[PDB]
Every structure is written in C-alpha cells, then in structure tokens.
C-alpha cells in the first residue's frame, strides 16, 4: 500500500494534496465500498474496505485521511510450560494455572460435522503444542482487547477538524497501521498508530519468550512513543510499507525487512524531481510507480561494474547495455500481451540465479527457500497483490553495497569469490536461459507482460461471487486496489476541496435472479485500467446536482 501527502511548501496551485493507493489485491465485486454519511456530527465522503462503519479513505471538507499497513512488531509468542500430569494447565508466576477452553463445531454441507477445542492462556490463544518438550505456544497481540475500540477510532476520526482532534482518535486505533492527515490550510501529518508492548530488558522481539512470568510485558508503550510528524521540513510524507522512523523496528515476520533497498525510494525520486507538484503530477505518480521495475535501480550499478571490461560481442555485456538504456518503466507492446523491453525478464532470471548462488547457499534447508524468491513470482492470473523487492534481494543488496552497508556481513555471501565473478556467472545463466527461449537477437525478444485479475474469491480464498464474475485487465499495475486523491484549497477553483476515487469494478455487486447485472456492476473497470477517476461529492448541493436516485425511510428504533 502506498501514500504521498504533499504540503503547502511542495504543492503547486493548491495548499495540500493527498494520494493513496491501499493494496489489498484485486476482487469482484470491489474490495472497497463507496459511501457518504451526513448527519449526527458526520459530513464525509470516500470509500472503505468491506463497508466498515469507519471510512479508511476519505475527507470531511476540512481534513482528509488515509492509511498504509504499519508492519510494526505488535505480536510476540510465549512458550508456555505444561505438564503431562496436569493437562489444561500451565505454569505462571509459581502456580499451575487453568487454561481457558471452548468447544467449536464445524457444520459441513454434505458432510459430517467436526468438533475441536480452542485453548487460551493469559498470553493468548495457543497456536500449537509440542508434547515432546511439553510446550504450548501462545500468541500475544498488543491490540488484544482493543479490537472494537480501533473500529470506533476509525469512525470517530472522521469527525475531526484539526490535528489535535484527529490524533486524539489516532491514539485509540490499536492495530499497526500508518495513518495520514491533510487539511484545508495546507497542513499535513503522519502517525504510525497502534499499541506496542513495553518489553522486559533483554527481550529479543524476533524470537519467542518463556511464558512462566519473568518475560511478561510490562504493559503497553504510551502514545508519545508512536512515530509521528506534523508539517515536516521536506514538505511531504511518502510511504510504501517502509520504515516510519530512524531506529524503528519492523515486524518479526522473516519476509519483512526495512533496509537500504526499499520500494518507497521510487516515490521519493518522483517527488524530489521537481520543486512543486500539481494535483495532475501527484496523480501521475500512480501510473509511473505502478509500471516501475523495482530491482533495476538496485542492481544496475553492480551489473555495469561487472561488465565494464568485456568486449562488445560478449552477451553478458549486451544484456547489461539493454538494461542501461532503460528507465525500468514497463509498457505493453501494441499486442497488449508482451512488454516493450525485456529488462524485467533479464533481472528476474539474473536475480533468481544470484540468490541461488549467495543467500540461498548460506542458509540451511528448508529455510533456504525463504530467500530464493526474486520478487517476480506470479500466477497465470498475475500477482495476487503488490510487487516488492524480495527479502532475499534486500539481503543481497546489503552484500553488493560492501562497506557502504551498516549490516555486518557475518558470512560472505559470495563465499570468498570476487563479486564480479558471481555477477558474471549469473549473467551467463541469464543469457543461456533467455536465448534458448527467444533466440540470439535481444531486440526482437517479446517477453510476457504480467496481467491483473479481479478475483471472484475474496482474500481468504473464499468465493464472494461466482467464478464467471472474475474480470481481467491486460496490464498489471503495482498500485492501489483503489486510488483516491484529495486536493485542498485549489487556486484553480473556488471550491475549498476537490476529491476523486475509483472503485472497480463498480459500486454494486448485485445480480438479479434472472441474471440481470446491476447498472453499476462494471462502470469503473475501464476507468481503473487507464488511470482515470471519478469525482467524490460531499456537499448537499453537489450530491443533489448529481443525483441518480433516492429513497426516504421513516424508521422507529
């Protein structure tokens, strides 16, 4: 999920510009739901996932808000001490304590029902048990018990009129989520929200801790500790699930890392390119980042250095020259199915070989496959979510940076061989693999483009529509499932705020019994495909002027 908020000092023809691209994968019907609420203290417009009471993307005419996943570490695993003599008990603070338990029965269509038990301790629900060591692992979430408060915080924040009122609600959202703010006067802000545990001294948060008492959390850290900034000197706030602040630690998930190689740099490059950005330029950042190969920037220098002394006829050199002439932006050929340049394929094959030769080689099986992915993995329906620099690639980047990396290279990933040698070898593998498939003339290589699919099964893998409702788009775009932009105090309009979004395939998922599709079942699909957008209305005048239908109810509570 990405976001860029442009403040008064970096905006052209406006006081503030907020552009959000939350990435949840693509579905049919739409992942998010468009809604406007007016009354009872609210006056808002926007869209939100699963139609939650609180709008995650929207504005109220005074301020605007958005989010990106925080990826902080708010979950630790406690190793509970069990006893074969006392089943259902665990050792905590010198006493054998009774676990909470509940029976659950799964009813099954055309099958036999299954019942099982779920166990819970003071540290959380038990995930798995190891009778051999007589250990049960409990998952402790810092937000446990604040689930409902977080939903409510996301709702009440919609009524905020300034930074103070908004942060008061941010302090009540307990999940690890980045929150963003912009307003009519040009102010911008950011808060890496959530509850984080105040851990005991010596507690390594990447590994489990004993659950016998001594390692219990002291409580939760105060809101003052949550990374936040209001009106930064840079004039902007950009995020693509990267680190919120210097020295802030990420989630313990092995696949998540915040290091020198990060996709958010692609956004920075575009925002720093020019002194100020207009709303059109800000929106255009979606198009560019959605088509940007994320590895080129990271490894091209290494590739260039390695091929520096080779002759013009050396194929290893030729592959790099191809990369050197490219800005890394992928564009579809007129056939609508292949990419204009073969760079992404070259990088994918090269990077896969490199990882196999370095990180993978240094890690014992079966953990070696945690670092073998190049980041170009897909399905025939295309990527299921956003594209990122793989965890293996991030580690490889630190190794190719040599002394410039702050990460001590405990083990030399190149195993004593010159880096150039390993880089050239991967290039030789690359030439062999690709030349075998496309021939020896690179200029005629038509590499397959990744596509995008609005899936009928929701993110859980559960049908939320009939298979036939699946929709396809030729061009994969590494962008938000939905994109929304709010522009405050435009100098080119008398309105105090302008806002737009796109909710594809459409607002409605309704199909009548006879198969008739609703009038708004697919009217935002093409708009999505070519980076278009529709106006979000807020005021009574605008809503009435663009009114298609109405229904008035009189209900007695």
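Numbering follows the first chain given and starts at 1.
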Mean temperature factor over C-alpha atoms, higher-scoring stretch between 248 to 256 and 102 to 110: 102 to 110
On mean Cα temperature factor in this entry, is 144 to 152 or 413 to 421 the higher one? 413 to 421
One of 463, 343, 87, 124 has the largest Cα B-factor in the entry, namely 87
Per the deposited entry, the peak Cα B-factor within the set 78, 476, 240, 431 goes to 431
Place residue 272 in the lowest, middle or highest third of its chain's C-alpha B-factors, as listed in the PDB entry. highest
Here the Cα B-factor of residue 224, set against its chain, lands in the third termed highest
Lowest, middle or highest third of the chain for the C-alpha temperature factor of residue 3? lowest
Splitting the chain's C-alpha B-factors into thirds, which one does residue 520 fall into? middle
Grab the CA temperature factor for residue 354 from the record and place it in the lowest, middle or highest third of its chain. middle
